[PDB]
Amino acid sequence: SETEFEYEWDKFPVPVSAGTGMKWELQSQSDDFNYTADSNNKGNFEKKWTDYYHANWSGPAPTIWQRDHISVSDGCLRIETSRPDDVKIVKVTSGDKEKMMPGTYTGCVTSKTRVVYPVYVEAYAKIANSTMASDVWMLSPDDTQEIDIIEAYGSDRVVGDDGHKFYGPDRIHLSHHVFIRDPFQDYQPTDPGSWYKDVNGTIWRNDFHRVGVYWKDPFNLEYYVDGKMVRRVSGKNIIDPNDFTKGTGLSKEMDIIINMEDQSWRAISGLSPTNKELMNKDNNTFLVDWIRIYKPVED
């Protein structure tokens, strides 16, 4: 189909075929974010999004999500990070190291509607130049199934205090999780391809990039970075080898989530952002220019 451009994003085609006799149909949850909003005047934001996580949880410690850290301006969804002088102290845990730290305020967004396979979800985003995680992801309301489109750390600071090296700003984590809630277990793929690096050593922080996933069926994901298929996750052995879904696969409809996180396992090793690093607000702002969603339908 050779038709006139209607949206910002039409300069970029959907990087995969919709299937034999099918075409892609844009879903109304898609947003180009070309309007103005903040927590006091949500207006157009409120038609598709809420400015919190899908449940009343403030996030992985020492993250503390705040509604007023979300806004839309200058053609982007903007998520900021700050830390007041008076911020509360939170107990942070990972493994069984244990540490009291100051909280880190940031933001989280959740879609008003859900998606389910078959579906292509693509964000055009500029990863924050921050030790904070910049995240675009999907999670079922019962917290048992998750598809991660973007999980990335954009800062050059990658050394703990110690004993670890951490994945750096040349990587995007392309993953998914399956969970049992109680007693708690987490599966994700664990192979080198899950931490995506391109051949040129692209530092993703430096510009806007398209990252999307084709959630094709419950045993097939395909990840696309700037229109190129860079990782295929196919079959029971890599989707759910421990049988946490009892054979269903990735089958439950999901909320779309966009946020930043000061993640516990990183924060406990010294990668929480310093008060000095947070003086520069552009560095600790995650930007999403747009997010688009297509499903296959009959031609």
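In case it trips you up, residue 1 is the first one in the sequence shown, and so on.
**Student:** What stretch has the higher average Cα B-factor here, 78 to 86 or 100 to 108?
**Tutor:** Higher of the two, by average CA B-factor, is 78 to 86.
**Student:** When the Cα temperature factors in the entry are averaged, is it 275 to 283 or 9 to 17 that ends up higher?
**Tutor:** Between 275 to 283 and 9 to 17, it is 275 to 283 that shows the higher mean C-alpha B-factor.
**Student:** Out of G160, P169, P141, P218, which shows the largest CA B-factor listed in the entry?
**Tutor:** Reading the PDB entry, the winner on C-alpha B-factor is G160.
**Student:** Among the choices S134, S194, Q188, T93, identify the one whose CA B-factor in the record is greatest.
**Tutor:** Of the options given, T93 has the highest CA B-factor in the PDB entry.
**Student:** Could you place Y52 in the lowest, middle or highest third of its chain by Cα temperature factor, using the values in the record?
**Tutor:** Middle third of the chain for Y52's C-alpha B-factor.
**Student:** Ranking every modelled residue in this chain by its Cα temperature factor as given in the entry, which third contains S155?
**Tutor:** Middle third - that is where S155 ends up once the chain's C-alpha B-factors are sorted.
**Student:** For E46, return the chain-relative third of its C-alpha B-factor as stated in the PDB record: lowest, middle or highest.
**Tutor:** For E46, the deposited C-alpha B-factor lands in the highest third.
**Student:** Pull the Cα B-factor of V230 out of the PDB entry and bin it into the chain's lowest, middle or highest third.
**Tutor:** Tercile = middle for this residue's CA B-factor.
**Student:** Ranking the modelled residues of this chain by C-alpha B-factor as given in the entry, is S130 in the lowest, middle or highest third?
**Tutor:** Within its chain, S130 is a middle-third residue by C-alpha B-factor, going by the deposited values.
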